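The block underneath contains the structure these notes are about, expressed in C-alpha cells.
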Amino acid sequence: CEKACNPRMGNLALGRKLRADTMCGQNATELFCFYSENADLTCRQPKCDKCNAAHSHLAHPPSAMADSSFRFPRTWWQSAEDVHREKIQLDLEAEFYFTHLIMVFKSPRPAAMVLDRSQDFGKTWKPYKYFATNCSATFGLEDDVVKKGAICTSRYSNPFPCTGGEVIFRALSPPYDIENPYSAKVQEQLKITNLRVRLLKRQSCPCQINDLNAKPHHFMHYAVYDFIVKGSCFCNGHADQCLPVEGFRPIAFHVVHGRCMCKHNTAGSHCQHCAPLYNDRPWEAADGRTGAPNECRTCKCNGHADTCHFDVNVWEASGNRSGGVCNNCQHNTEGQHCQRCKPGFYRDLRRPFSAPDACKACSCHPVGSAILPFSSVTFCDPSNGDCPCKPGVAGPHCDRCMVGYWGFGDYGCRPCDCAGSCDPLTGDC
Ligand SMILES: *[C@@H]1O[C@H](CO)[C@@H](O[C@@H]2O[C@H](CO)[C@@H](O)[C@H](O)[C@H]2NC(C)=O)[C@H](O)[C@H]1NC(C)=O
Ligand SMILES: *[C@@H]1O[C@H](CO)[C@@H](O[C@@H]2O[C@H](CO)[C@@H](O)[C@H](O)[C@H]2NC(C)=O)[C@H](O)[C@H]1NC(C)=O
Ligand SMILES: *[C@@H]1O[C@H](CO)[C@@H](O)[C@H](O)[C@H]1NC(C)=O
Ligand SMILES: [Ca+2]
C-alpha cells in the first residue's frame with residue numbers, strides 16, 4: 001500500500017444479522033397474497049402461499065434481505081400482517097464507511113419511510129434521507145426532484161411498480177465525491193456503526209381488480225427482496241485490506257471485515273493511531289485527493305526504546321520538525337532520545353551506542369570517592385568513567401592511595417613524609 005489506499009468495496013449486509021421488528025408466520029401458519037399490475041394497470045392473478053417462521057421453506061426472516069441478490073429462487077423478508085410502523089436495522093461490530101444503499105421491495109414501496117445512521121454504536125441517530133409520496137405533506141420537507149439538495153424525495157415512493165420497486169440513497173452526493181474522502185467533513189457523512197430504515201406506512205396496489213374472480217385479501221404486509229448496503233472497511237486511508245474484528249462470529253457469502261491491516265506505520269482498528277514507536281509527529285489520515293500517504297514518522301531512540309509519545313511542547317521547540325519522546329529507556333540510557341547513559345554509568349566507546357552494552361556500570365569506591373554538596377552519592381564522568389577522588393586517592397575508581405600517600409580512609413590518604421616513595425599500608429619508606 002504505497003500511496004493513500006482503501007480496502008475493497010462490498011455489501012456490508014453479508015454475514016451480519018439484519019434485524020426487523022416483525023416477520024410473517026411468527027406463531028402459526030399464515031396465508032398471504034401478492035398483487036402487482038400489468039401495462040393496462042389491471043390487477044394480475046395474485047400468487048398466494050403459506051408463511052411459517054418455524055420452517056425454513058416457509059419462513060421469511062429479516063436475514064432473507066442480506067442473502068445473495070442472485071440465487072435460484074428470489075428470497076425476501078416479510079413482516080407480520082397489518083403493520084405500518086416497521087424498522088429494519090443493521091448493527092456493525094465496528095466503524096465502517098457507508099457509500100450507498102439499495103432496497104428492493106416485493107410488495108409496493110412504503111408511502112413513507114426514513115433512513116438514518118448511528119455513528120456511536122446506537123447511542124444517537126441522525127437523518128440521511130426522507131422518502132414519501134409527498135415530502136411537503138408528510139414531513140414538511142422539500143423534494144429533491146425540484147430543490148436539488150433537499151433531504152426528502154418522492155423519487156422512490158410511487159406505488160407503481162407494485163413489485164420490484166427499488167429505493168436508493170447515495171452518500172457520495174455531488175458535494176462529497178470530490179475532496180479528500182478521509183477529511184472530517186466526509187467522515188461525518190460516510191462513517192457509521194449502524195444503519196436504520198424506519199417504514200412508516202404501507203401502500204396498496206392501486207390496480208384495477210376487474211379481472212379478479214375474488215376480492216383482494218391477505219396482502220397488508222411489507223416485503224423486501226434485498227437490503228444491499230454498499231460500503232467498505234474504514235482505515236483512514238492507511239490500508240487496503242482488513243481482517244475480522246475480534247469477537248465477531250459471522251453467520252456462501254463474501255463478507256466485508258472491519259479490523260484494518262494498517263500500513264504507513266499506523267495502528268488501531270482503523271489506523272487512527274500511530275505505531276507505538278512512531279509518535280515523532282502528529283498522526284494524520286491519508287489524503288485521498290492528493291494521494292499523499294501522510295505516514296507516521298519514527299522516534300529517535302538509539303534502539304533503547306520500543307515506545308514513545310508525542311509532545312506538543314517539544315514539537316514546537318524543534319520548530320515543528322520533531323516532537324517524539326522515548327518511553328522507558330532501556331540499557332541504562334536516559335535522554336529524551338535515550339542518547340545518554342544514566343548517572344552511575346558511562347559511555348563505553350569500545351561499543352556502538354545502539355548496542356545494549358553501550359553504557360557500562362561505574363565502579364566508584366564508596367569510601368575513596370568524593371561527594372559534592374546537595375548529593376549523597378558519587379557518580380562517575382559519563383564520558384570516561386573517571387570518579388572524582390578525595391585528596392591522596394588516585395585511579396579511575398578512587399580505590400587506592402595516590403603515589404606518595406598512605407592510610408586509605410574516609411578522608412583520603414595521609415601524606416607520607418619520606419618523601420620519598422610510600423608503602424600505602426603503613427607509610428614506611
Ligand atoms: C405535494 O403537495 C401536495 C400534497 O400532495 C399537493 O399540492 C397541492 O396542490 C397544489 C399543487 O402545487 C398546491 O398548491 C396545494 O397547496 C396542495 N394542496 C394540498 C391540500 O396539499 C401535491 O400533490 C404535491 N405537489 C406539490 C406540492 O407541488
Ligand atoms: C505546526 O504549525 C504551527 C507552527 O508553524 C504550530 O502552531 C499552530 O499554529 C497554527 C497557526 O499557524 C494554529 O492554528 C495552531 O493552533 C497552532 N498549534 C498549537 C498547538 O497551538 C502547530 O502546533 C504545528 N502543528 C501541530 C499539528 O501542532
Ligand atoms: C401469537 O399469539 C400471542 C397470543 O398468545 C400474541 O403474541 C399474538 O397473538 C401472536 N404473535 C404475533 C407476533 O402476532
Ligand atoms: Ca433475497
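Along the chain as shown, residues are numbered 1 onward.
Per deposition record, X-ray crystallography, 2.7 Å.
Heads up, the Cβ atoms here are built off N, Cα and C, so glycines get one too.
The following features are taken from Swiss-Prot:
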{"type": "DOMAIN", "residues": "1-232", "note": "domain 'Laminin N-terminal'"}
{"type": "CARBOHYD", "residues": "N27", "note": "N-linked glycosylation site"}
{"type": "CARBOHYD", "residues": "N134", "note": "N-linked glycosylation site"}
{"type": "DISULFID", "residues": "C233-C242", "note": "disulfide bond"}
{"type": "DISULFID", "residues": "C235-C260", "note": "disulfide bond"}
{"type": "DISULFID", "residues": "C262-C271", "note": "disulfide bond"}
{"type": "DISULFID", "residues": "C274-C296", "note": "disulfide bond"}
{"type": "DISULFID", "residues": "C299-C308", "note": "disulfide bond"}
{"type": "DOMAIN", "residues": "299-361", "note": "domain 'Laminin EGF-like 2'"}
{"type": "DISULFID", "residues": "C301-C326", "note": "disulfide bond"}
{"type": "CARBOHYD", "residues": "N320", "note": "N-linked glycosylation site"}
{"type": "DISULFID", "residues": "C329-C338", "note": "disulfide bond"}
{"type": "DISULFID", "residues": "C341-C359", "note": "disulfide bond"}
{"type": "DISULFID", "residues": "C362-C380", "note": "disulfide bond"}
{"type": "DOMAIN", "residues": "362-415", "note": "domain 'Laminin EGF-like 3'"}
{"type": "DISULFID", "residues": "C364-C387", "note": "disulfide bond"}
{"type": "DISULFID", "residues": "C389-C398", "note": "disulfide bond"}
{"type": "DISULFID", "residues": "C401-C413", "note": "disulfide bond"}
Keeping only the disulfide-bonded residues of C242, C274, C326, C380 whose C-alpha lies within 10 A of that of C260 (disulfide bond) yields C242
Counted with DSSP (H/G/I as helix, E/B as strand, rest coil), the domain 'Laminin EGF-like 2' (299-361) has 9 helix, 14 strand, 40 coil
Gap check, 4 unmodelled residues between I251 and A252: Cα-Cα span in Å, rounded to whole number, is 10
Here the recorded positions are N27, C235, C301, and the Cα closest to that of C274 (disulfide bond) is found at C235
If you tally other C-beta atoms within 10 angstroms for each of the disulfide-bonded residues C301, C362, the top scorer is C301
Between the C-alpha atoms of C341 (disulfide bond) and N134 (N-linked glycosylation site), the distance in angstrom, to the nearest integer, is 76
Keeping only the disulfide-bonded residues of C235, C242, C326, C413 whose C-alpha lies within 10 A of that of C262 (disulfide bond) yields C235, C242
